[PDB]
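Notes follow once the structure below has been shown.
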There are 2 protein chains.
Amino acid sequence: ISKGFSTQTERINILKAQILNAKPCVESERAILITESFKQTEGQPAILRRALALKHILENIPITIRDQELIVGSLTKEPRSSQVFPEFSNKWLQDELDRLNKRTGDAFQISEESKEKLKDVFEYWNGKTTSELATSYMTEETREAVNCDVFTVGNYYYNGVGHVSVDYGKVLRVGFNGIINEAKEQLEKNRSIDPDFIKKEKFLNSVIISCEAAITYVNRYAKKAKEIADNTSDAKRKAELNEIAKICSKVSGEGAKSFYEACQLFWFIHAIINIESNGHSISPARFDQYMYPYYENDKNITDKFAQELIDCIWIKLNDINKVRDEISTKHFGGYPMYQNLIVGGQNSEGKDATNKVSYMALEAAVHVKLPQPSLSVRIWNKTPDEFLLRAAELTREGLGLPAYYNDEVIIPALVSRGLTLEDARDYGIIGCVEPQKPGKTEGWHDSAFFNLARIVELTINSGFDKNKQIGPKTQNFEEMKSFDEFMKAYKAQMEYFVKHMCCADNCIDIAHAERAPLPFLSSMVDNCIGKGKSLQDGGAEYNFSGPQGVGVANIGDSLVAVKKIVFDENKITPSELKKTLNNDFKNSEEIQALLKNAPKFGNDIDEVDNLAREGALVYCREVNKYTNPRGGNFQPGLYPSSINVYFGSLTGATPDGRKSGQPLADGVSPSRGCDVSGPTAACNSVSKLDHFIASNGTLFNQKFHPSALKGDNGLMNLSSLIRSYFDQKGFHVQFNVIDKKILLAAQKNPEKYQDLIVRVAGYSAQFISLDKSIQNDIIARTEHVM
Amino acid sequence: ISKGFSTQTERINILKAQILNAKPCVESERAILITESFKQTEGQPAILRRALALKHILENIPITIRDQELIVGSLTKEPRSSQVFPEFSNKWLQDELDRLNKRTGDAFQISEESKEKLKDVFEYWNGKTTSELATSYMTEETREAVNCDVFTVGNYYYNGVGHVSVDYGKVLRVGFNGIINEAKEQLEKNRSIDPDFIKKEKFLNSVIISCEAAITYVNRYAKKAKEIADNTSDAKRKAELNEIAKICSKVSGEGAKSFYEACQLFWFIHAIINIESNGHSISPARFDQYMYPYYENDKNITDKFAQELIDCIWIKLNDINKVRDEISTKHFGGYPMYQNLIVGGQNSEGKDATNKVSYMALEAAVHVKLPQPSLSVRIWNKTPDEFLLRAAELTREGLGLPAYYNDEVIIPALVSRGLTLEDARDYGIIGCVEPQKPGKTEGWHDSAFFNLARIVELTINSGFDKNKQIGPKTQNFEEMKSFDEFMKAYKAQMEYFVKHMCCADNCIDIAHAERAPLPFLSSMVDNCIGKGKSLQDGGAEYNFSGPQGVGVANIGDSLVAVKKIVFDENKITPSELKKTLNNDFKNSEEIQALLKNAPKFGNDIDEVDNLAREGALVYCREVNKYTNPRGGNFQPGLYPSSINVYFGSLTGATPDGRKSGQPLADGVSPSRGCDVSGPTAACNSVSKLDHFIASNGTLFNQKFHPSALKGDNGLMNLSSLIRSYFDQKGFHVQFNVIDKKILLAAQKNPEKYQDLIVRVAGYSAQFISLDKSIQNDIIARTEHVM
């Protein structure tokens, strides 16, 4: 049953326009301030330096209240802009200062004045960043493996970590004063003559200073609100501002006690986190679970105003941005922050937890129609039908939202990783598809991207690449007589690179703990205050590291091709295939056709599906061998953000028929046009993979022609498709519902399609802000009907 | 049976004249070099920065070979001068640049050029020293306790740690190449995917770089030797310089294989240690045990040359110097380095270990007659009579040498602190009187000086001092009715300050580990290479921290006076005594007389000797409660260097009759002229203290009139005095044998007595280089006869 969606107030349109009409730029205030503070704390421990720096920033950072805002708090003067974080890395910025506004995608403006002020910043931070210490900790062998174009650990290397869902619920209940009082109590409790207390004390004091600075920050908006009110004409806007001033004053240090207060305090928590560090994927998680109580108890609010407040937060979540270097930008195209917000699911007791706020979140997506937040819904055996159908309506809107997650697979997967059953049932998603128990984890849910297809090249070329032996010298492909020998060489190549990728991640882990322990963020994740340790030092109850494998379909299709055509049927000799591949099928399209016609993943053909499964398993098993410095384990992920295009441009021709330089498959999805047996057959193939071991998450994309979702019948079919895929143990699925014509038009006349939103992989983005190479990949994806 | 001493070669007199005619100065080379290197290693981990800095220093530090030297290696161009160590502290130097000349005590010259060059040094190291981080780690309350004249933790706060006896024996056998290969083997052993290996690898690589730098340092001298030889006329000196070149070449990286090579390699090890850090008390320890094998196996050497070589080392040990701030200089007056070298004793099997070299060491002291090294002898039940008598002859020479140590007390004391019986039996002395198992310890043997008399003052004034409550507000003295109430208040004051002294020590401990881990020094102490941890990080097998209590006699005499005169006989009320003390006995000498006539420590009077024991035990028991960041325990020591005088000037009048500002007693010695019952009665009193608990060492001074050691009979009396004191469980004892008239003359005409050496406390010094206040204290010490 289609119910349709309500309409947003005019204010929502005003606010939305602010985001879309904004010209993304790089501001310099924060960079100046943090450098300023660090110059004065040279003789203080890192944790105190971080606390004092946050304090200096929050007391001097410019304060902005955009016109018509109900929820205030902006990190940059210009909307949808980015601050700078010199503490992690900055030389890349110094190199790109003049070509930032010359980008085809993810372009950023920067005044001549800002360029001038950053000079001193670059000068001071030379050798004092986390990225430089990280490099120093790595062995020479690891530094080389890092530059072989097999994997990339740049995410946490060039910028902050993030990828966490803080315990918003706790802070909303006790406010910043509560966090302070808790730290003060621990300080009293653990007082001791034991040397260990020395460092624990500095950590706790750092937490106090941080939350105190947070209280100052909120008060600053409180004062600014009045100054605007006193000089605003119409009593309506004046009245709203006086309310804002009043609300900010209360949630200044106290906990929320009304829905409005809860919304504002929630935003300040989220905002401050993004000022302390620029790691993205700061996910609100189960927003409907911790916000509902405040909605239910507020006896003076109307559902209309409650909805408007929510719509404002949806818009504020879009105001945050982050500038990355040229290369990294290809890994995260479309100004993505990946702030995942999930709705629905079950509670810790195993009962359904759908509530009104669950539905208001879905409604907001339609009211705002912006890339953020990354709206998601949890599905389980007892998911109410109305809820799943309502999510289906949203999907039909063509925003790529929401992403669907299967409780039936994730819960068991999390418990096997060490979470209690209660914590597992209460999971939220971080960034793209990474599950975690909110308020208790330091997951590092995206510590690297690993190119699986690249390993196939190395196996065929015995570790030799370009003009150097970059990987182990495994058995020559030419001398192989069985597929087993190929699989052993494949595993040997896999083992070597996974080892160095993880080792590299651990050096970066150490660097962050050594130069950038986060006092503020740590105060909201369990055990940090109790243990007197930061997140970087293992204070979290649960600790993980999550590296992503990219090219699942390419690996499955390649292995079956080598197995069937070379070793089984002997149509080609190893020596012939190797030459053909190294030559990119030049003067040998007969062999390419033979490869392209081989069985392909995504058609419910077990012979290939099982090799895609096994190929991925070799990767996942290698990752499970590793441990991080925080005492946690590494767990495999299979998602790609937008790196499948970049990775593909660095990979030669592969045994599945793909020509050199072409994009790799996205997530665990079948390759372009290879899934020619319908949506269902494709879901059956994907569900054959091991979605339990890849506990860091797997991503599955599917694109339907609009006609497939028309009418109630269309909604019914989408629900069946989803349920059927999840019953077979699928991890996640999300859908694009657009006509190819609209996308093509967008490429011709961007000006006319500024509000066009499309799903990339785990997140939605403004289509015209994506590089052409990413746009084309999306356009080329298989299009299904039901 | 006196045997007199042989005569040194003319060369020794020439080398000796170099030290005495030198004018101590502060050079700037090292300061410039380490600063330059640190600017280039900003992005490296601390351990690597320290390794690279040592490398840069050793490759560019001026090389110097003084005339007629047989053993080469000089740390400063000008003899007996000091290099600078900005990494620990340096602001104090900036403040004293212009008054280093005007000193009455340890005066240092500094060129106008050096002053200019240090400007950059001061500017760069701001906030980057160990002292600044140490302060930052301390709490508010601890910082205050540190600045109220009760104790001082300045030693390891302003400069390096040191106070260690490296495993010289090992390096002499395997050479620097041996250490390097051992580190390389460990690197291959421990190599694993475990995150912990990351930091261990950096440490081991740091060790390699350091030993490699040490190798090139030795080679630079090899090259310089020739460069000089090619420019010297008389074939005799030319031949020596060519021989020096050969030796430095072999010993360059390999172990010694002749007495000469052993002597030269020994000095290089010692010298380089003093280039990496300026922590003093770098003690050669059992020189006779590890040097004897090389002497015995050398078949081409004569005892005359072997002795000359030893005399050369003796002179070289006097070439090293260290500048300290005005205040610290009062704690360590006389240009002291406290390099303790000990001979005799038993081996790990419990058999006597006296050997030929044991005697050559004693002989060397008479040949050179300089303040260093701090010669000592080990004495036990089976010590050969000839040996003890020969040591007695040396004592008669009046150099203050040698210090005597009782194996019968020390061995048991060390075993109770955790050392195996074998390690304890192989102890050597660090600095003044601090015992340790060489090559396996990080003892921190002089982490602080605690003023015991000051606690008595705070007990009487209820923690109120000057114009503020600095200590606990213990029971008001005026309302005390029994001695028990007094002791309880005394313990309460003691507890409070010992707690903060130790906590402060722990913060400094952490600071050194965080900013100054030593790669080179650590490589020669057991478990460091094996554990992949530096000395500062707990790599040593044995770990301790040793704070010194000062004013034992003053505490004993004060407690018996309060007990007897006030509580037992009621001659005066508490209120009256308190008033009289705060008034420094003004217009109440009748009361002072009464206090001075009360029983005094040092006369074999149990009533007072026991309160001296008990008063000291309160201090010792408090210290035992604490542990350091390296997993070790704190152990009490009772010695004062020269701080008894400084501490005295900061202490008001005390209940024993001592007027405000007067020196406190030295070590465990009776106060000036209170021991009026002969040397034996004094020894009996001191032996009543608990010398086992004060495992960090106790110091006992005694001064005899020259007539007491005249003739063989005099030598036998001294042997019996020593035997009796040790049989009664005394820890240590040393004697000054000098005529009062000579010291007074030296004060009147310094120029005439430049070679006059006298015993301060645990070390001998050049009398004229000592400040007048310290000179007078020594002159005022009780003079005994036998």
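Please note that chains go A, B, ... in the order of the structure tokens, that every chain numbers its residues from 1, and that ligands are numbered from 1 in the order shown.
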
Compile a residue-level contact table for segment 27-138 of chain A against segment 204-212 of chain A at a cut-off of 12 Å, reporting for every qualifying residue the shortest atom pair and its distance in Å to one decimal, with only C-alpha atoms counted, rows ordered by chain and ascending number, as a tab-separated table.
```
residue	atom	partner	partner_atom	distance
A:44	CA	A:206	CA	11.4
A:45	CA	A:206	CA	10.2
A:46	CA	A:206	CA	10.0
A:47	CA	A:206	CA	6.6
A:48	CA	A:206	CA	5.5
A:49	CA	A:206	CA	8.7
A:50	CA	A:206	CA	8.0
A:51	CA	A:206	CA	5.3
A:52	CA	A:209	CA	7.3
A:53	CA	A:210	CA	9.2
A:54	CA	A:210	CA	6.7
A:55	CA	A:210	CA	6.4
A:56	CA	A:210	CA	10.1
A:57	CA	A:210	CA	10.8
A:58	CA	A:210	CA	9.5
A:59	CA	A:212	CA	10.6
```

Would you give me, as a Markdown table, each residue of chain B having an atom within 10 Å of an atom of chain A, along with its shortest atom pair and that distance in Å to one decimal, using only C-alpha atoms and sorting by chain and residue number?
```
| residue | atom | partner | partner_atom | distance |
| --- | --- | --- | --- | --- |
| B:39 | CA | A:127 | CA | 9.2 |
| B:40 | CA | A:127 | CA | 8.6 |
| B:41 | CA | A:127 | CA | 7.6 |
| B:42 | CA | A:127 | CA | 5.0 |
| B:43 | CA | A:127 | CA | 4.1 |
| B:44 | CA | A:136 | CA | 5.6 |
| B:45 | CA | A:133 | CA | 6.8 |
| B:48 | CA | A:136 | CA | 9.2 |
| B:125 | CA | A:42 | CA | 9.6 |
| B:126 | CA | A:42 | CA | 7.6 |
| B:127 | CA | A:43 | CA | 4.1 |
| B:128 | CA | A:43 | CA | 5.7 |
| B:129 | CA | A:43 | CA | 7.4 |
| B:130 | CA | A:43 | CA | 8.6 |
| B:131 | CA | A:43 | CA | 8.9 |
| B:132 | CA | A:43 | CA | 5.5 |
| B:133 | CA | A:43 | CA | 5.2 |
| B:134 | CA | A:43 | CA | 8.8 |
| B:135 | CA | A:43 | CA | 8.8 |
| B:136 | CA | A:44 | CA | 5.7 |
| B:137 | CA | A:198 | CA | 7.0 |
| B:138 | CA | A:198 | CA | 7.8 |
| B:139 | CA | A:198 | CA | 8.6 |
| B:193 | CA | A:503 | CA | 7.2 |
| B:194 | CA | A:627 | CA | 6.8 |
| B:195 | CA | A:629 | CA | 5.5 |
| B:196 | CA | A:629 | CA | 7.3 |
| B:198 | CA | A:137 | CA | 6.9 |
| B:199 | CA | A:137 | CA | 7.7 |
| B:201 | CA | A:139 | CA | 8.8 |
| B:202 | CA | A:137 | CA | 7.3 |
| B:499 | CA | A:193 | CA | 7.6 |
| B:500 | CA | A:193 | CA | 9.2 |
| B:502 | CA | A:193 | CA | 8.8 |
| B:503 | CA | A:193 | CA | 7.1 |
| B:506 | CA | A:195 | CA | 6.6 |
| B:507 | CA | A:198 | CA | 7.5 |
| B:509 | CA | A:195 | CA | 9.8 |
| B:510 | CA | A:195 | CA | 9.1 |
| B:511 | CA | A:45 | CA | 9.5 |
| B:514 | CA | A:45 | CA | 9.5 |
| B:625 | CA | A:193 | CA | 8.9 |
| B:626 | CA | A:193 | CA | 7.2 |
| B:627 | CA | A:194 | CA | 7.0 |
| B:628 | CA | A:195 | CA | 6.2 |
| B:629 | CA | A:195 | CA | 5.6 |
| B:630 | CA | A:195 | CA | 9.2 |
| B:631 | CA | A:195 | CA | 9.1 |
```

Could the residues in this selection be written to a file with N, CA and C atoms, as a short mmCIF file (atom, residue, chain, number, x, y, z; two decimals), in the first residue's frame?
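Saved file out_27.cif follows:
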```
data_model
loop_
_atom_site.label_atom_id
_atom_site.label_comp_id
_atom_site.auth_asym_id
_atom_site.auth_seq_id
_atom_site.Cartn_x
_atom_site.Cartn_y
_atom_site.Cartn_z
N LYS B 39 66.75 18.76 14.67
CA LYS B 39 65.95 19.54 13.72
C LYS B 39 65.63 18.71 12.48
N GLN B 40 66.50 17.75 12.18
CA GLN B 40 66.33 16.90 11.01
C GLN B 40 65.63 15.57 11.26
N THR B 41 65.33 15.26 12.52
CA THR B 41 64.69 13.99 12.84
C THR B 41 63.33 14.16 13.51
N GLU B 42 62.76 15.35 13.37
CA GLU B 42 61.47 15.66 13.97
C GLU B 42 60.40 14.57 13.74
N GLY B 43 60.43 13.95 12.56
CA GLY B 43 59.44 12.93 12.25
C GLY B 43 59.75 11.51 12.69
N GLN B 44 60.84 11.34 13.42
CA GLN B 44 61.27 10.03 13.90
C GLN B 44 60.83 9.74 15.34
N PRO B 45 60.81 8.45 15.73
CA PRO B 45 60.43 8.10 17.10
C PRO B 45 61.60 8.52 18.00
N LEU B 48 64.93 6.62 17.90
CA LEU B 48 65.68 6.81 16.66
C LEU B 48 66.37 8.17 16.67
N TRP B 125 65.38 24.23 21.83
CA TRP B 125 64.96 23.32 22.89
C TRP B 125 63.85 23.77 23.81
N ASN B 126 63.30 24.96 23.58
CA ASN B 126 62.23 25.45 24.43
C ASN B 126 61.03 24.49 24.42
N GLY B 127 60.72 23.94 25.59
CA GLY B 127 59.59 23.03 25.71
C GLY B 127 59.86 21.61 25.23
N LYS B 128 61.07 21.36 24.73
CA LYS B 128 61.39 20.04 24.20
C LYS B 128 62.33 19.20 25.06
N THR B 129 62.61 19.68 26.27
CA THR B 129 63.50 18.96 27.17
C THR B 129 62.77 17.96 28.05
N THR B 130 63.54 17.09 28.70
CA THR B 130 62.97 16.11 29.61
C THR B 130 62.43 16.81 30.87
N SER B 131 63.17 17.79 31.37
CA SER B 131 62.77 18.54 32.57
C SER B 131 61.41 19.23 32.42
N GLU B 132 61.13 19.75 31.23
CA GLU B 132 59.85 20.42 31.02
C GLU B 132 58.68 19.43 30.96
N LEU B 133 58.90 18.23 30.41
CA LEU B 133 57.84 17.24 30.34
C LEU B 133 57.64 16.66 31.74
N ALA B 134 58.74 16.48 32.45
CA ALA B 134 58.68 15.94 33.81
C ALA B 134 57.75 16.80 34.66
N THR B 135 57.94 18.12 34.59
CA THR B 135 57.13 19.08 35.33
C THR B 135 55.66 18.97 34.92
N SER B 136 55.42 18.86 33.62
CA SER B 136 54.06 18.76 33.10
C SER B 136 53.31 17.53 33.61
N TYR B 137 54.02 16.42 33.83
CA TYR B 137 53.40 15.19 34.32
C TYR B 137 53.03 15.24 35.81
N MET B 138 53.69 16.11 36.57
CA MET B 138 53.43 16.25 38.00
C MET B 138 52.10 16.94 38.30
N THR B 139 51.52 16.60 39.44
CA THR B 139 50.26 17.21 39.86
C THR B 139 50.59 18.55 40.48
N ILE B 193 54.64 -10.96 13.22
CA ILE B 193 53.54 -10.10 12.82
C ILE B 193 52.90 -9.40 14.01
N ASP B 194 53.33 -9.77 15.21
CA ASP B 194 52.84 -9.18 16.45
C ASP B 194 53.18 -7.68 16.46
N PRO B 195 52.19 -6.81 16.71
CA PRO B 195 52.40 -5.35 16.74
C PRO B 195 53.55 -4.93 17.66
N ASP B 196 53.74 -5.66 18.75
CA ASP B 196 54.80 -5.36 19.71
C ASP B 196 56.18 -5.31 19.09
N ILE B 198 57.04 -3.95 16.35
CA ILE B 198 57.30 -2.66 15.71
C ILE B 198 58.23 -1.77 16.53
N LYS B 199 57.90 -1.56 17.80
CA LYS B 199 58.74 -0.73 18.65
C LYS B 199 60.06 -1.41 19.01
N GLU B 201 61.77 -3.37 17.08
CA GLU B 201 62.64 -3.25 15.92
C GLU B 201 63.32 -1.89 15.90
N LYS B 202 62.55 -0.84 16.16
CA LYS B 202 63.11 0.51 16.17
C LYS B 202 64.22 0.60 17.21
N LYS B 499 56.00 10.69 50.02
CA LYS B 499 55.04 10.36 48.97
C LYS B 499 55.26 11.24 47.74
N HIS B 500 55.35 12.55 47.95
CA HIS B 500 55.54 13.49 46.85
C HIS B 500 56.93 13.45 46.25
N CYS B 502 58.77 10.75 45.95
CA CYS B 502 58.74 9.58 45.09
C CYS B 502 57.89 9.76 43.84
N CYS B 503 56.72 10.38 44.00
CA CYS B 503 55.85 10.62 42.86
C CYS B 503 56.55 11.53 41.86
N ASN B 506 59.00 9.63 39.98
CA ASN B 506 58.33 8.82 38.96
C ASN B 506 57.95 9.60 37.70
N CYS B 507 57.64 10.89 37.85
CA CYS B 507 57.28 11.72 36.71
C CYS B 507 58.52 11.99 35.87
N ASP B 509 61.02 10.00 35.79
CA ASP B 509 61.35 8.69 35.25
C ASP B 509 60.65 8.54 33.90
N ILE B 510 59.35 8.82 33.90
CA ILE B 510 58.52 8.74 32.71
C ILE B 510 59.00 9.71 31.64
N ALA B 511 59.46 10.89 32.06
CA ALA B 511 59.93 11.90 31.13
C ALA B 511 61.15 11.40 30.36
N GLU B 514 60.18 8.88 27.83
CA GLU B 514 59.45 9.45 26.71
C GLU B 514 60.29 10.30 25.76
N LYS B 625 57.61 1.75 50.46
CA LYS B 625 56.24 1.61 49.98
C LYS B 625 56.07 1.85 48.48
N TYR B 626 57.04 2.52 47.86
CA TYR B 626 56.91 2.88 46.45
C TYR B 626 57.60 2.09 45.35
N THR B 627 56.99 2.13 44.17
CA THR B 627 57.49 1.46 42.97
C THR B 627 57.68 2.49 41.84
N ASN B 628 58.59 2.21 40.92
CA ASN B 628 58.82 3.13 39.82
C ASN B 628 58.18 2.62 38.53
N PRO B 629 58.10 3.47 37.50
CA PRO B 629 57.50 3.10 36.21
C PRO B 629 58.18 1.91 35.51
N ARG B 630 59.38 1.57 35.94
CA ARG B 630 60.10 0.46 35.34
C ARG B 630 59.83 -0.87 36.04
N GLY B 631 58.80 -0.90 36.87
CA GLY B 631 58.47 -2.13 37.58
C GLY B 631 59.40 -2.46 38.73
#
```

Task: Polymer residues at most 7 Å from segment 494-498 of chain A, only C-alpha atoms, same-chain spacing of 6 or more positions, as a list in words - done: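 Near segment 494-498 of chain A, the qualifying residues are residues 145, 455, 619, 622 and 623 of chain A.
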
Output C-alpha atoms for every residue in that selection, as a PDB file, in the first residue's frame.
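Final output, saved to result-v6.pdb:
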```
ATOM      1  CA  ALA A 145      54.789  -2.813  -0.651  1.00  0.00           C
ATOM      2  CA  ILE A 455      46.828 -10.336  -7.064  1.00  0.00           C
ATOM      3  CA  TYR A 619      41.713 -12.826   1.252  1.00  0.00           C
ATOM      4  CA  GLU A 622      44.760 -13.861   5.548  1.00  0.00           C
ATOM      5  CA  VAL A 623      43.265 -10.802   7.263  1.00  0.00           C
TER       6      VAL A 623
END
```

TODO: Write out as a ChimeraX atom specification each polymer residue whose atoms come within 12 Å of residue 423 of chain A, counting only C-alpha atoms; drop sequence neighbours fewer than 3 positions from it.
DONE: /A:346-350,410-412,414-415,417-420,426-428,435-441,541-542

Put those residues in a file: N, CA and C atoms, as a compact mmCIF listing (two decimals), in the first residue's frame.
```txt
# COMPACT_ATOMS: atom_id res chain seq x y z
N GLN A 346 15.77 -4.69 15.90
CA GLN A 346 15.31 -5.22 17.17
C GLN A 346 16.13 -4.64 18.31
N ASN A 347 15.63 -4.77 19.53
CA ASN A 347 16.36 -4.27 20.69
C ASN A 347 17.23 -5.38 21.26
N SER A 348 17.89 -5.10 22.38
CA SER A 348 18.76 -6.09 22.99
C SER A 348 18.00 -7.33 23.46
N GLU A 349 16.70 -7.18 23.70
CA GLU A 349 15.86 -8.29 24.15
C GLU A 349 15.34 -9.18 23.02
N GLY A 350 15.57 -8.78 21.78
CA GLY A 350 15.11 -9.59 20.66
C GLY A 350 13.71 -9.27 20.18
N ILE A 410 24.18 -10.44 10.34
CA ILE A 410 25.06 -9.59 11.12
C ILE A 410 25.16 -9.93 12.60
N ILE A 411 24.03 -10.17 13.26
CA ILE A 411 24.06 -10.48 14.68
C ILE A 411 24.97 -11.68 14.96
N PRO A 412 24.71 -12.83 14.31
CA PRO A 412 25.55 -14.01 14.54
C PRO A 412 27.02 -13.71 14.24
N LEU A 414 28.60 -10.85 14.47
CA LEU A 414 29.20 -10.01 15.51
C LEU A 414 29.48 -10.81 16.78
N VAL A 415 28.58 -11.71 17.14
CA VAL A 415 28.79 -12.51 18.33
C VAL A 415 30.02 -13.39 18.14
N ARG A 417 32.54 -12.64 16.65
CA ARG A 417 33.71 -11.78 16.75
C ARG A 417 33.97 -11.32 18.19
N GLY A 418 33.17 -11.80 19.13
CA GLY A 418 33.39 -11.42 20.52
C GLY A 418 32.35 -10.55 21.20
N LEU A 419 31.34 -10.08 20.47
CA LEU A 419 30.33 -9.23 21.10
C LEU A 419 29.32 -10.09 21.83
N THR A 420 28.77 -9.58 22.92
CA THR A 420 27.75 -10.34 23.63
C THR A 420 26.54 -10.34 22.71
N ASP A 426 22.16 -4.82 19.24
CA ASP A 426 22.03 -3.37 19.26
C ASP A 426 23.01 -2.65 18.31
N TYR A 427 23.38 -3.31 17.23
CA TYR A 427 24.33 -2.73 16.29
C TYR A 427 23.79 -1.60 15.42
N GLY A 428 24.72 -0.77 14.97
CA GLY A 428 24.39 0.33 14.08
C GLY A 428 25.41 0.17 12.97
N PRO A 435 29.31 -2.82 10.55
CA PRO A 435 28.53 -2.89 11.79
C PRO A 435 29.37 -2.84 13.06
N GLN A 436 28.81 -2.27 14.11
CA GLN A 436 29.50 -2.18 15.39
C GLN A 436 28.48 -1.90 16.48
N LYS A 437 28.88 -2.15 17.72
CA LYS A 437 28.03 -1.87 18.86
C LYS A 437 28.40 -0.43 19.21
N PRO A 438 27.46 0.51 19.01
CA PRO A 438 27.71 1.93 19.31
C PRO A 438 28.11 2.19 20.76
N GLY A 439 28.93 3.22 20.96
CA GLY A 439 29.37 3.60 22.29
C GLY A 439 30.33 2.65 23.00
N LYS A 440 30.85 1.65 22.29
CA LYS A 440 31.75 0.69 22.91
C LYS A 440 32.88 0.22 22.00
N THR A 441 32.96 0.77 20.80
CA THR A 441 33.94 0.29 19.85
C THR A 441 34.89 1.28 19.21
N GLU A 541 35.92 -1.04 24.73
CA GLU A 541 35.57 -2.40 25.10
C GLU A 541 35.88 -3.34 23.93
N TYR A 542 35.52 -2.92 22.72
CA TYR A 542 35.76 -3.72 21.52
C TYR A 542 36.74 -3.01 20.58
```

Task: DSSP-assigned strand (DSSP E) among segment 425-649 of chain B, expressed as a list in words - done: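 Of segment 425-649 of chain B, the ones in strand (DSSP E) are residues 428, 429, 430, 434, 435, 436, 441, 442, 448, 449, 450, 451, 464, 465, 468, 469, 542, 543, 544, 545, 547, 548, 549, 550, 633 and 634 of chain B.
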
Task: Test item: residues at most 9 Å from segment 233-244 of chain A, only C-alpha atoms, excluding those fewer than 2 positions along its chain, as a PyMOL selection string - done: chain A and resi 68-72+221-222+225-226+228-231+246-249+264

TODO: Would you mind reading off the distance between atom CA of residue 458 of chain B and atom CA of residue 473 of chain B, one decimal, in Å?
DONE: 9.5 Å

Open item on the list: Using DSSP secondary structure from the backbone, list all alpha helix (DSSP H) positions within segment 263-400 of chain B, as a ChimeraX atom specification.
Closed with: /B:263-276,287-297,303-316,326-331,356-368,385-396

Open item on the list: So that I can see what lies close to residue 357 of chain B, please list as a count of residues only the residues with an atom at most 12 Å from it, counting only C-alpha atoms and leaving out residues fewer than 3 positions away in the same chain.
Closed with: 29

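Non-sequential neighbours of residue 768 of chain B (distance at most 7 Å, separation of 6 or more positions within a chain, only C-alpha atoms) are residues 746, 750 and 754 of chain B.
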
Open item on the list: Between atom CA of residue 433 of chain A and atom CA of residue 676 of chain A, what is the distance in Å, rounded to a tenth?
Closed with: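 Atom-to-atom, atom CA of residue 433 of chain A and atom CA of residue 676 of chain A are spaced 26.2 Å apart.
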
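Note that atom CA of residue 313 of chain A and atom CA of residue 388 of chain A are 23.7 Å apart.
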
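Residue nearest residue 101 of chain B within the list B:213, B:150, B:25, B:605: B:25 [criterion: smallest interatomic distance, only C-alpha atoms].
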